[PDB]
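Atoms considered below: every heavy atom in the structure, side chains included; atoms not considered: hydrogens, waters and symmetry mates. All chains are named by letter (A, B, ...) in the order of the sequence lines, taking the proteins before the strands, and each is independently numbered beginning at 1.
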Amino acid sequence: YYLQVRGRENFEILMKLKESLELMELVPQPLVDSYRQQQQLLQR
Amino acid sequence: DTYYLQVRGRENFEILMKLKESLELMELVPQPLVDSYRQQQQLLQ
Amino acid sequence: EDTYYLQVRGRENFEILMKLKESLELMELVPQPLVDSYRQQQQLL
Amino acid sequence: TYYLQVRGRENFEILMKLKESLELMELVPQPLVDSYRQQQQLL
């Protein structure tokens, strides 16, 4: 999908997020699951 | 000053769109209100 | 809206999330007619 | 480690997912991150 955005700072923020969303897909699921388990102790 | 982004994954697109909306809409908020808002947040975290 | 809390590891991460939290909360302050116009433009863009 | 508050359940869920992607991204081996960035340029 393509997205357009006004403002350089906005673009740079969205670019970092796009990257993190796409990169985390490379993380082995057992590590992702362990991470989420840790979240249960940090947030409701 | 517009930029274009490409993203893979419909969920990913949807999240980014929500943030695009908030970042762009925030631009419409008169600066007095942004200032007051930020002052308030200093006691909250 | 109800209040929620999250913890974040990393200053860089914290700063990004704070910027997004700000935008998500501040968009609530934009008068509805301007939100409507914004959405109107986005449909064309 | 920092903490923030946010108003609204949908806002919380959005931030939580971004928090997850930001924090997990750091587990990706650097050579793999470099490979991904190369891919974004070369294609």
So which atom in [X] and which in [Y] form the shortest heavy-atom distance, rounded to 0.1 Å?
| X | Y | result |
| --- | --- | --- |
| C/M27 | B/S22 | SD-CB, 3.6 Å |
| A/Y35 | D/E20 | OH-CA, 3.2 Å |
| C/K21 | D/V6 | NZ-CA, 4.3 Å |

Kindly say whether [Y] contributes a backbone atom to a donor-acceptor pair with the side chain of [X] at under 3.5 angstrom?
| X | Y | answer |
| --- | --- | --- |
| A/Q4 | B/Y4 | no |
| D/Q41 | D/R37 | no |
| D/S35 | D/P31 | no |

Enter the distance from [X]:[atom1] to [Y]:[atom2] here, rounded to the nearest 0.5 Å.
| X | Y | atom1 | atom2 | value |
| --- | --- | --- | --- | --- |
| B/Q41 | B/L44 | CD | CG | 5.0 Å |
| B/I15 | B/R10 | CD1 | CZ | 9.5 Å |
| B/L25 | C/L29 | CG | CG | 11.0 Å |
| C/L17 | D/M16 | CG | CE | 10.0 Å |
| C/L24 | B/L19 | CG | CG | 6.0 Å |

N-O pairing of A/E12 and A/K16 below 4.0 Å: no

Please say whether more than 12 non-hydrogen atoms of neighbouring residues, nucleotides or ligands are located less than 6.0 Å from CG in D/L42. yes

Taking atom CD as the centre, does B/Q42 end up with more than 12 heavy-atom neighbours from other residues, nucleotides or ligands that are less than 6.0 angstrom away? yes

Under 3.5 Å, is there a donor-acceptor pair between the D/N11 and C/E1 side chains? no

Answer yes if the side chains of C/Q32 and C/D36 hold a donor-acceptor pair under 3.5 Å, and no otherwise. yes

Using the ring of each side chain (for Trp, its six-membered ring), is B/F13 parallel, tilted or perpendicular to A/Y1, with breaks at 30° and 60°? parallel

